[PDB]
Amino acid sequence: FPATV
Amino acid sequence: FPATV
Amino acid sequence: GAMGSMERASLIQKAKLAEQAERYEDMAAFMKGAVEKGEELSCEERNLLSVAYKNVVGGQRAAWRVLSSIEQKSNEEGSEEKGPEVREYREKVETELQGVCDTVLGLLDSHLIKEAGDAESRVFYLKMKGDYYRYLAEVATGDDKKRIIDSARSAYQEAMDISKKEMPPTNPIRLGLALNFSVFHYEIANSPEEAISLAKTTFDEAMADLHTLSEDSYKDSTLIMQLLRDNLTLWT
Amino acid sequence: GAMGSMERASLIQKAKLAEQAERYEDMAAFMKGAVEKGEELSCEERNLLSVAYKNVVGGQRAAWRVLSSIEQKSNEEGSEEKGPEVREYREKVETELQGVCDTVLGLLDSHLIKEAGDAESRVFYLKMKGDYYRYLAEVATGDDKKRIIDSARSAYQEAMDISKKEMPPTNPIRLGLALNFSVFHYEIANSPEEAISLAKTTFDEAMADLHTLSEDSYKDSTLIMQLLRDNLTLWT
Ligand SMILES: N=C(N)c1cc(-c2cccc(NC(=O)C3(Oc4ccc(Cl)cc4)CCC(F)(F)CC3)c2)cs1
Ligand SMILES: N=C(N)c1cc(-c2cccc(NC(=O)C3(Oc4ccc(Cl)cc4)CCC(F)(F)CC3)c2)cs1
């Protein structure tokens, strides 16, 4: 999964 | 802490 | 609210204790109680709220993904019928996830966003609104899926418009918003080219503003810039 | 019980799904529902029950330890009074932990232990009874603390007596029981010499029986023997 913050 | 199972 | 009888300051104190204890469901309940006192949230308090619910919903999302994957395999050509249990339990987790998202969206709508006038608060809350509609979108399949997607897009877009007018390109909230809106484009909106363009432009505009920052601000901005780069590497 | 309307087999299936999803509170609720169907538990089912509650209470214990440590520091000479919040929240977590322990002990008493006749089931359940009284003992401070300790000791002792008569010294249940009873002696009963003696004797008697085992049984027994050695290294 891609990075989120 | 010591090991328990 | 079962937190109605506790002091606002005690709720904030206990949210910090719950964080230290990795009790994020408790942390979220304490911060929901604090929001429901009706006062605006300080910067620290906004981040306590976001950290708590991000951890709760993040665990739900991971569990949902495990169960959805098992469910898909049970439906491949060759699988032995195992009955309704995988679907039922995936549905149970999904309903609990939707409930957490609705709770957060409810706090933002009553009345955090409408009282948020400063860019740092308003952008922060509108980013959260985009994020929690995005999590609803991840599990949506019905007559409402397009509308949920458009609700996420609309919240992110309003946050983007404010952030570009009112914050420097290195502001960590602005950077994190762009990171997540880029992921929305890639994973939800079937717009990988938009996702890549947004991440790249965000990264390059931040790069050019790093010279204005202190060492501590530099550290924060470059950390999120590295996440933008990580995603671009995943996608290209 | 809110699981009263679900099939026993569906509860077991969903417990396994919850495990895969790392949803251990759900896993525990499903297995509580299964126990409450009134039938004895198979070997696999007993381990599903134990895994679920061990994970739930293990998280509670870790949180309690964090909060107790903060509370002790707030009470050292020099600390700024922060009010009742640390104590209150530690108490909240403690009460929830005690509730989980009471729930498990209740399942063992109604009626898992009384129907358990085979050594592998009876020793397994009596070990659990010792373990959950031990967790109650870790947080106990009142008129009941000695009695809680003696309840743990008594359950462990009955399990030990059966295990020495009915199981080989390499049996993983027998080994895990001895490991944990040794920790009880060291950490609860203020008997480090008993703890060390028990761990060493258990290890040496297992060593001498390894030659009887298949490769897969050898792997299981030596894994727990390594935990005995780890503790002995910690304590000497
Ligand atoms: N947890 C706690 N007890 C406390 C946390 C804080 C606090 C203090 C300052 C900043 C932040 N955080 C952020 O402004 C964001 O998160 C960041 C993530 C990574 C980096 Cl490198 C920098 C910021 C920016 C991106 C986002 F998506 F909008 C989410 C908010 C938090 C005080 S107390
Ligand atoms: N989780 C799941 N879905 C499933 C697990 C099983 C299953 C199957 C066989 C054995 C075990 N386990 C154990 O007999 C014990 O645990 C061990 C721990 C480490 C090792 Cl090396 C060997 C055993 C022994 C020590 C203890 F304390 F009594 C606790 C039970 C479980 C089937 S299904």
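Method information in the entry identifies X-ray crystallography as the source of the structure, with 1.60 Å recorded as the resolution.

Glancing now at the interface of chain C and chain A. The interface is formed by 14 residues belonging to chain C together with five residues belonging to chain A. Across the chain C-chain A interface, the total number found is zero salt bridges. Counting every contact that joins chain C to chain A gives three residue pairs in polar contact. Mapped onto the side of chain C that touches chain A, the elements with two or more residues apiece are α3 (43-74), α5 (119-139), α7 (172-188) and α9 (215-235) of chain C. No other element matches the five residues that α7 of chain C contributes to the side of chain C that touches chain A. By residue class, the composition of the side of chain C that touches chain A is five nonpolar, three polar and six charged.

Residues and elements named next belong to chain C. The end-to-end C-alpha distance of α9, which contains 21 residues, comes to 30 Å, matching closely the 30 Å that a straight helix rising 1.5 Å per residue would cover. For α9, the full list of buried residues reads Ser221, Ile224, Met225, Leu227, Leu228, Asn231, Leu232 and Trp235. When α9 is viewed along its axis, its buried side chains cluster within an angular range of 140° and face the same direction. Exposed side chains of α9 directed beyond 90 degrees from the buried face belong to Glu215, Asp216, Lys219, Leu223, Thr233 and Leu234.

Conventions adopted
Residues numbered from 1 in each chain as written, not as in the entry; some residues may be left out. Chains lettered and ligands numbered in written order. Heavy atoms only, no water. Residues with missing side-chain atoms left out of burial classes, pairs and counts. Contact = heavy atoms within 4.5 Å. Salt bridge = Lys/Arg side-chain N within 4 Å of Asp/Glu carboxyl O. Polar contact = N/O pair within 3.5 Å; in protein donor to acceptor, adjacent residues only side chain to side chain. Helix = DSSP H or I, 4+ residues; strand = E, 2+ residues; numbered from the N terminus. Nonpolar A, V, L, I, M, F, W, Y, C, P; charged D, E, K, R; others polar. Expected span 1.5 Å × (residues − 1). Buried < 20%, exposed > 50% of the residue type's maximum accessible area, 1.4 Å probe, protein only. Arc of directions from axis to C-beta.

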